[PDB]
Amino acid sequence: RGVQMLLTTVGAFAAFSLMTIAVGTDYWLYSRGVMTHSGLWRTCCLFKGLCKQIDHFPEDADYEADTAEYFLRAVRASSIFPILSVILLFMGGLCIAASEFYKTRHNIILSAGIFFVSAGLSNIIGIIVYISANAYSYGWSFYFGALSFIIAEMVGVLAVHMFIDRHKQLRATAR
Amino acid sequence: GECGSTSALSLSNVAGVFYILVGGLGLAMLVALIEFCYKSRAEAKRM
Amino acid sequence: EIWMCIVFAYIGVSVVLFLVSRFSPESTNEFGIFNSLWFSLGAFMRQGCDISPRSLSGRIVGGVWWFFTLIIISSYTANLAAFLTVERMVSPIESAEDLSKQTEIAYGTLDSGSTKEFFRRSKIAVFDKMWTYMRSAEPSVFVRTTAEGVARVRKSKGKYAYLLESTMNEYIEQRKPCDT
Amino acid sequence: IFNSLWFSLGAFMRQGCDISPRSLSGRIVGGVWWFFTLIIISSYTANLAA
Amino acid sequence: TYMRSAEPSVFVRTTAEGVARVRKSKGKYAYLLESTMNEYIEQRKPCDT
C-alpha cells in the first residue's frame, strides 16, 4: 500500500539527486598528463591543485575521416543523453506529486511510470556513450550514477506494479 | 631503421549495437504502448 | 566493465517486457517478475525455452535479445578461444641474428675482453653487423664488470641485453632473484 | 503467421521454442533449416575469431 | 596543369619544407618526390609518413 509511496519517493529523490551528483564530479579516476579528477566538464590535478575545463572534445591532431569524432565525439560531448534523462526524471517525480491528488487512476500513473523507466533507460544509454567516448578507473559519483539508474529502474518496477494494481482495483470494483 | 619492420581485448568496439538496438527496445515498446492505448481508447469510445 | 553494461541491458529488457505482460489486462504467463526476470536470464543462456511470449511486442524485443546474446556470447566464446590458444609467449628474439634484425632491445658486453676483441675481429655478417651497432651505439653498451651488466639488464626491464661467457651466464642464471 | 514468422525467427537463433512441427513434412523444413543456419552462424563464429 | 594552377602554390624550396608541410597538412596535401629520399625519411621519426 503506502510502501509503494515510500519506495516511490525515496527512489525519486534518491536516484534523482544521485544522478545530479553523477553530473557534478567524480566521472573518471586516472593519471592525467600527472593525475587529476574528471567530471566531463573540467579536470583538477593533485601546478598541483589547479583546474581546467577538460571537455575539449575537438583536438587538432587526428584524421576525422567521416563523422567519427564529429558524430561520435560531438554526440558524447555536452552530455546530451544523460541531461535528457535527468530532466525526464524531474518530469517523473513531477508526475508523481501531481499523481498524488487529482486521481485520474490510469493516465497519470501509467504515463509517469513509462517516462520514468524510459528515462532511466536513456541514462544507461548515455552511460554507454560516455564509456565508448573514453577511448585508470572511474569516479565514485559515476558509479553512484549508474547505480542511481538501477534503483530508478527498480522504482519503475514498483511504480508500474502499483499502476496495474490500481487497474486490479478498477476491474475488481467493476465486478 | 627507426620505424621497425596479438592478444586483442575488445572493450567497446562491439558496443555500437547497444545505442541502436537498445534504443529500438524503448522504440518498439513505446510504439506498442501507443497502439494499446489507442485500441483501449477506441474501446472506451464504443460506449 | 562490459559485464555491467550487459547486466544493465538484461534488467532493462526484463523491466520493459515485464511492463508489456503487465499492461493491458485475464493475464499471461510473463505476468510475474520471476517470469520476465528468470525467462530473460534463460534468454541470456542457451538453456531451452520455457514460456514463449505471444506478445508481438515482446516477440520482436526478445528477438533483439537474441541479436544481443547471440553476438556477445559468440564473441565471448570465439575470442576466448582466440586467447587461450596463445598459452605461452615465446621469446621474440632467440639468436644473435634476431639481435642483428632488431634495435628495440640494446645489447653489449664488457668494455674489454676476448669477447669484445673477438667481435672486433670477427668476419660474420651477423657478428660484424652487431659489432658495428655496439661500437656506435648510444648510450655506451660497454661495462667494466659483470655485475654492471647484470644490474644494468635487471633495471633495463628487458630493453637491454648482455652477452657473456656461457659458464658465468649459467652461474648468474642459477642465482637469486632468478630474473635472468 | 505470427507463429510461423516468430518461430522461424527464434529458429534462426540458436535458442529453441515451445511449438514444434508435427506434420512430418514441414518438420523436414525445420530440420534442414537447423542444418542450414547451423553452419551459417557456426561459420560466422569461425570468422569472428579471425 | 593543376599544380601550376594550384592556389596556393604547392611548390617549396627544400625537402624539409615538404616534409613538415605534409606533416602539418593532416594528410590534406601530398608531396611528390624521389624514391630514395622518400624511403630514407620514411625510415625516420616520427614515422608518420
# chains A, B, ... in the order shown; residues from 1 in each chain; ligands from 1

$ closest_atom_pairs --of "chain A" --to "chain B" --cutoff "10 Å" --atoms "only C-alpha atoms" --output "CSV"
residue,atom,partner,partner_atom,distance
A:107,CA,B:37,CA,9.8
A:114,CA,B:30,CA,8.4
A:115,CA,B:30,CA,9.7
A:117,CA,B:26,CA,9.6
A:118,CA,B:26,CA,6.8
A:121,CA,B:26,CA,8.1
A:122,CA,B:23,CA,8.2
A:124,CA,B:19,CA,9.6
A:125,CA,B:19,CA,6.2
A:126,CA,B:19,CA,8.6
A:128,CA,B:19,CA,7.5
A:129,CA,B:19,CA,7.5
A:131,CA,B:12,CA,7.6
A:132,CA,B:12,CA,5.7
A:133,CA,B:12,CA,9.2
A:134,CA,B:12,CA,9.4
A:135,CA,B:12,CA,8.3

$ select_by_dssp --residues "chain D" --states "helix (DSSP H, G or I)" --output "ChimeraX atom specification"
/D:2-12,26-49

$ residues_around --residues "residue 67 (chain C)" --least-positions-apart "3" --cutoff "12 Å" --atoms "only C-alpha atoms" --output "VMD selection string"
(chain B and resid 17 to 18 20 to 22 25) or (chain C and resid 43 to 44 60 to 64 70 to 74) or (chain D and resid 9 to 10 12 to 15 41)

$ write_last_selection --atoms "N, CA, C and O atoms" --output "CSV table (one decimal), in the first residue's frame"
chain,number,residue,atom,x,y,z
B,17,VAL,N,26.2,-1.8,-31.1
B,17,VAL,CA,24.9,-2.5,-31.2
B,17,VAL,C,24.0,-1.9,-30.1
B,17,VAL,O,22.8,-1.9,-30.3
B,18,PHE,N,24.6,-1.3,-29.0
B,18,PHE,CA,23.8,-1.0,-27.9
B,18,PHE,C,23.0,0.3,-28.1
B,18,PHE,O,21.7,0.2,-27.9
B,20,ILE,N,21.8,1.5,-30.5
B,20,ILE,CA,20.9,1.4,-31.7
B,20,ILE,C,19.8,0.4,-31.4
B,20,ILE,O,18.6,0.8,-31.4
B,21,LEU,N,20.2,-0.8,-31.1
B,21,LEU,CA,19.2,-1.8,-30.8
B,21,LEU,C,18.5,-1.6,-29.5
B,21,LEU,O,17.3,-1.7,-29.3
B,22,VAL,N,19.3,-1.3,-28.5
B,22,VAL,CA,18.8,-1.0,-27.2
B,22,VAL,C,17.9,0.2,-27.2
B,22,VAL,O,16.9,0.3,-26.5
B,25,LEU,N,14.6,-1.0,-28.4
B,25,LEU,CA,13.8,-1.6,-27.4
B,25,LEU,C,12.7,-0.6,-26.9
B,25,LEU,O,11.6,-0.9,-27.1
C,43,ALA,N,16.9,-16.5,-21.4
C,43,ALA,CA,17.1,-16.0,-22.7
C,43,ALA,C,18.6,-15.6,-22.9
C,43,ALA,O,19.1,-15.7,-24.0
C,44,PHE,N,19.3,-15.1,-21.9
C,44,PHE,CA,20.7,-14.9,-21.9
C,44,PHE,C,21.4,-16.3,-22.2
C,44,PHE,O,22.2,-16.4,-23.2
C,60,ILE,N,9.3,-9.3,-30.8
C,60,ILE,CA,10.4,-8.7,-31.5
C,60,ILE,C,11.5,-8.2,-30.5
C,60,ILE,O,12.7,-8.3,-30.9
C,61,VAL,N,11.1,-7.8,-29.3
C,61,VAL,CA,12.1,-7.4,-28.4
C,61,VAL,C,13.0,-8.6,-27.9
C,61,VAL,O,14.2,-8.5,-27.9
C,62,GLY,N,12.4,-9.7,-27.6
C,62,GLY,CA,13.1,-10.9,-27.4
C,62,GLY,C,14.1,-11.2,-28.5
C,62,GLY,O,15.2,-11.6,-28.3
C,63,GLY,N,13.5,-11.2,-29.8
C,63,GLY,CA,14.4,-11.3,-30.9
C,63,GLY,C,15.6,-10.4,-30.9
C,63,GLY,O,16.7,-10.9,-31.2
C,64,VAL,N,15.4,-9.2,-30.5
C,64,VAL,CA,16.5,-8.3,-30.3
C,64,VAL,C,17.5,-8.8,-29.2
C,64,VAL,O,18.7,-8.7,-29.4
C,70,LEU,N,23.3,-13.6,-28.7
C,70,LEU,CA,24.0,-14.4,-29.8
C,70,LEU,C,25.3,-13.8,-30.2
C,70,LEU,O,26.3,-14.6,-30.2
C,71,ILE,N,25.4,-12.5,-30.4
C,71,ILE,CA,26.7,-11.9,-30.8
C,71,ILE,C,27.7,-11.8,-29.7
C,71,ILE,O,28.8,-12.0,-29.8
C,72,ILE,N,27.2,-11.3,-28.5
C,72,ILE,CA,28.1,-11.1,-27.4
C,72,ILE,C,28.6,-12.4,-26.8
C,72,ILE,O,29.8,-12.5,-26.5
C,73,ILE,N,27.8,-13.4,-26.8
C,73,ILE,CA,28.3,-14.7,-26.3
C,73,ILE,C,29.1,-15.4,-27.4
C,73,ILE,O,30.1,-16.0,-27.1
C,74,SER,N,28.7,-15.2,-28.7
C,74,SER,CA,29.5,-15.7,-29.8
C,74,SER,C,30.9,-15.2,-29.7
C,74,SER,O,31.9,-15.9,-29.8
D,9,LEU,N,11.9,-17.1,-36.6
D,9,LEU,CA,12.9,-16.1,-36.2
D,9,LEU,C,13.8,-16.7,-35.1
D,9,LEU,O,15.0,-16.8,-35.1
D,10,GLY,N,13.1,-17.2,-34.0
D,10,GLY,CA,13.8,-17.9,-33.0
D,10,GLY,C,14.5,-19.1,-33.5
D,10,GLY,O,15.5,-19.6,-32.9
D,12,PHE,N,15.9,-19.2,-36.4
D,12,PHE,CA,17.2,-18.7,-36.8
D,12,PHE,C,18.2,-18.6,-35.6
D,12,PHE,O,19.4,-18.8,-35.8
D,13,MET,N,17.7,-18.2,-34.5
D,13,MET,CA,18.5,-18.2,-33.3
D,13,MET,C,18.9,-19.6,-32.8
D,13,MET,O,18.1,-20.6,-33.1
D,14,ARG,N,20.0,-19.7,-32.1
D,14,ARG,CA,20.4,-21.0,-31.5
D,14,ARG,C,19.3,-21.5,-30.5
D,14,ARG,O,19.1,-22.7,-30.4
D,15,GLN,N,18.6,-20.5,-29.9
D,15,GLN,CA,17.6,-20.9,-28.9
D,15,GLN,C,16.4,-21.7,-29.6
D,15,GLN,O,16.0,-21.4,-30.7
D,41,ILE,N,25.5,-19.5,-38.8
D,41,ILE,CA,26.0,-18.8,-37.6
D,41,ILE,C,27.3,-19.5,-37.1
D,41,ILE,O,28.1,-18.9,-36.4

$ residues_around --residues "region 33-43 of chain E" --least-positions-apart "6" --cutoff "8 Å" --atoms "only C-alpha atoms" --output "ChimeraX atom specification"
/B:1-3 /E:49

$ write_last_selection --atoms "N, CA, C and O atoms" --output "short mmCIF file (atom, residue, chain, number, x, y, z; two decimals), in the first residue's frame"
data_model
loop_
_atom_site.label_atom_id
_atom_site.label_comp_id
_atom_site.auth_asym_id
_atom_site.auth_seq_id
_atom_site.Cartn_x
_atom_site.Cartn_y
_atom_site.Cartn_z
N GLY B 1 67.08 1.78 -39.50
CA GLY B 1 65.64 1.99 -39.49
C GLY B 1 65.15 2.42 -38.12
O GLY B 1 65.58 1.90 -37.09
N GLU B 2 64.24 3.39 -38.11
CA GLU B 2 63.67 3.92 -36.88
C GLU B 2 62.17 3.66 -36.78
O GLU B 2 61.53 4.15 -35.85
N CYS B 3 61.60 2.90 -37.71
CA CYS B 3 60.17 2.68 -37.77
C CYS B 3 59.83 1.19 -37.68
O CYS B 3 58.74 0.77 -38.07
N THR E 49 54.82 9.04 -41.96
CA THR E 49 54.65 9.10 -43.40
C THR E 49 54.62 7.70 -44.00
O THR E 49 54.81 6.70 -43.30
#

$ select_by_dssp --residues "chain C" --states "strand (DSSP E)" --output "list in words"
residues 106, 107, 108, 160, 161 and 162 of chain C

$ residues_around --residues "residue 25 (chain E)" --least-positions-apart "6" --cutoff "12 Å" --atoms "only C-alpha atoms" --output "JSON, numbers by chain"
{"A": [60, 61, 62, 63], "E": [10, 17, 18, 19, 31, 48, 49]}

$ interface_residues --of "chain B" --to "chain D" --cutoff "12 Å" --atoms "only C-alpha atoms" --output "NGL selection string"
:B and (6-8 or 10 or 14)

$ atom_distance --atom1 "CA of residue 169 (chain A)" --atom2 "CA of residue 5 (chain A)"
16.8 Å

$ residues_around --residues "residue 8 (chain C)" --least-positions-apart "3" --cutoff "10 Å" --atoms "only C-alpha atoms" --output "PDB file with N, CA and C atoms, in the first residue's frame"
ATOM      1  N   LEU A 121      16.407   4.279 -18.672  1.00  0.00           N
ATOM      2  CA  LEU A 121      16.983   3.613 -19.834  1.00  0.00           C
ATOM      3  C   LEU A 121      17.906   4.552 -20.593  1.00  0.00           C
ATOM      4  N   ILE A 124      21.163   5.040 -18.833  1.00  0.00           N
ATOM      5  CA  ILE A 124      22.101   3.958 -19.114  1.00  0.00           C
ATOM      6  C   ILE A 124      22.686   4.112 -20.512  1.00  0.00           C
ATOM      7  N   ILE A 125      21.870   4.572 -21.462  1.00  0.00           N
ATOM      8  CA  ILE A 125      22.352   4.791 -22.823  1.00  0.00           C
ATOM      9  C   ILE A 125      23.479   5.813 -22.826  1.00  0.00           C
ATOM     10  N   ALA A 146      25.316   5.259 -12.269  1.00  0.00           N
ATOM     11  CA  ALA A 146      24.816   4.019 -12.852  1.00  0.00           C
ATOM     12  C   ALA A 146      23.897   3.296 -11.877  1.00  0.00           C
ATOM     13  N   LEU A 147      24.358   3.114 -10.638  1.00  0.00           N
ATOM     14  CA  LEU A 147      23.509   2.519  -9.615  1.00  0.00           C
ATOM     15  C   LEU A 147      22.250   3.342  -9.398  1.00  0.00           C
ATOM     16  N   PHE A 149      20.680   4.856 -11.788  1.00  0.00           N
ATOM     17  CA  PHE A 149      19.809   4.380 -12.854  1.00  0.00           C
ATOM     18  C   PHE A 149      19.190   3.038 -12.491  1.00  0.00           C
ATOM     19  N   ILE A 150      19.965   2.168 -11.840  1.00  0.00           N
ATOM     20  CA  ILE A 150      19.454   0.858 -11.443  1.00  0.00           C
ATOM     21  C   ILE A 150      18.280   1.017 -10.483  1.00  0.00           C
ATOM     22  N   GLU A 153      15.292   2.107 -12.020  1.00  0.00           N
ATOM     23  CA  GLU A 153      14.556   1.053 -12.708  1.00  0.00           C
ATOM     24  C   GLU A 153      13.727   0.238 -11.724  1.00  0.00           C
TER      25      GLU A 153
ATOM     26  N   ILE C   2      32.409  -4.389 -19.325  1.00  0.00           N
ATOM     27  CA  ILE C   2      31.374  -4.741 -20.290  1.00  0.00           C
ATOM     28  C   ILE C   2      30.258  -5.512 -19.600  1.00  0.00           C
ATOM     29  N   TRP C   3      30.628  -6.389 -18.666  1.00  0.00           N
ATOM     30  CA  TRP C   3      29.647  -7.232 -17.991  1.00  0.00           C
ATOM     31  C   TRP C   3      28.572  -6.397 -17.313  1.00  0.00           C
ATOM     32  N   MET C   4      28.973  -5.300 -16.666  1.00  0.00           N
ATOM     33  CA  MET C   4      27.994  -4.437 -16.017  1.00  0.00           C
ATOM     34  C   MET C   4      26.983  -3.907 -17.020  1.00  0.00           C
ATOM     35  N   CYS C   5      27.457  -3.402 -18.160  1.00  0.00           N
ATOM     36  CA  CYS C   5      26.545  -2.927 -19.195  1.00  0.00           C
ATOM     37  C   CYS C   5      25.634  -4.047 -19.679  1.00  0.00           C
ATOM     38  N   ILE C  11      18.515  -6.290 -17.154  1.00  0.00           N
ATOM     39  CA  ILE C  11      17.442  -5.792 -16.305  1.00  0.00           C
ATOM     40  C   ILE C  11      16.556  -4.819 -17.064  1.00  0.00           C
ATOM     41  N   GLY C  12      17.121  -4.081 -18.015  1.00  0.00           N
ATOM     42  CA  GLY C  12      16.323  -3.163 -18.800  1.00  0.00           C
ATOM     43  C   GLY C  12      15.253  -3.892 -19.581  1.00  0.00           C
ATOM     44  N   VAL C  13      15.689  -4.844 -20.407  1.00  0.00           N
ATOM     45  CA  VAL C  13      14.759  -5.673 -21.167  1.00  0.00           C
ATOM     46  C   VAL C  13      13.764  -6.345 -20.234  1.00  0.00           C
ATOM     47  N   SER C  14      14.252  -6.853 -19.102  1.00  0.00           N
ATOM     48  CA  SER C  14      13.380  -7.530 -18.150  1.00  0.00           C
ATOM     49  C   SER C  14      12.252  -6.615 -17.694  1.00  0.00           C
TER      50      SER C  14
END

$ atom_distance --atom1 "CA of residue 119 (chain A)" --atom2 "CA of residue 89 (chain A)"
6.3 Å

$ atom_distance --atom1 "CA of residue 27 (chain E)" --atom2 "CA of residue 104 (chain C)"
28.3 Å

$ residues_around --residues "region 20-31 of chain D" --least-positions-apart "4" --cutoff "9 Å" --atoms "only C-alpha atoms" --output "number ranges by chain"
D: 7-8, 11, 35-36

$ closest_atom_pairs --of "chain E" --to "chain B" --cutoff "7 Å" --atoms "only C-alpha atoms" --output "tab-separated table"
residue	atom	partner	partner_atom	distance
E:43	CA	B:1	CA	5.1
E:44	CA	B:2	CA	5.2
E:45	CA	B:2	CA	6.3
E:47	CA	B:3	CA	5.7

$ write_last_selection --atoms "N, CA, C and O atoms" --output "PDB file, in the first residue's frame"
ATOM      1  N   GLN E  43      61.972   5.980 -43.120  1.00  0.00           N
ATOM      2  CA  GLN E  43      62.657   5.202 -42.099  1.00  0.00           C
ATOM      3  C   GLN E  43      63.020   6.030 -40.877  1.00  0.00           C
ATOM      4  O   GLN E  43      63.781   5.558 -40.027  1.00  0.00           O
ATOM      5  N   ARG E  44      62.498   7.248 -40.768  1.00  0.00           N
ATOM      6  CA  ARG E  44      62.890   8.178 -39.720  1.00  0.00           C
ATOM      7  C   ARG E  44      61.663   8.672 -38.967  1.00  0.00           C
ATOM      8  O   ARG E  44      60.550   8.680 -39.503  1.00  0.00           O
ATOM      9  N   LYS E  45      61.880   9.077 -37.718  1.00  0.00           N
ATOM     10  CA  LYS E  45      60.834   9.562 -36.827  1.00  0.00           C
ATOM     11  C   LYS E  45      60.189  10.821 -37.395  1.00  0.00           C
ATOM     12  O   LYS E  45      60.820  11.536 -38.186  1.00  0.00           O
ATOM     13  N   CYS E  47      57.878   8.710 -37.856  1.00  0.00           N
ATOM     14  CA  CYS E  47      57.319   7.538 -38.534  1.00  0.00           C
ATOM     15  C   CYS E  47      55.859   7.762 -38.917  1.00  0.00           C
ATOM     16  O   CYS E  47      55.032   6.851 -38.850  1.00  0.00           O
TER      17      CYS E  47
END
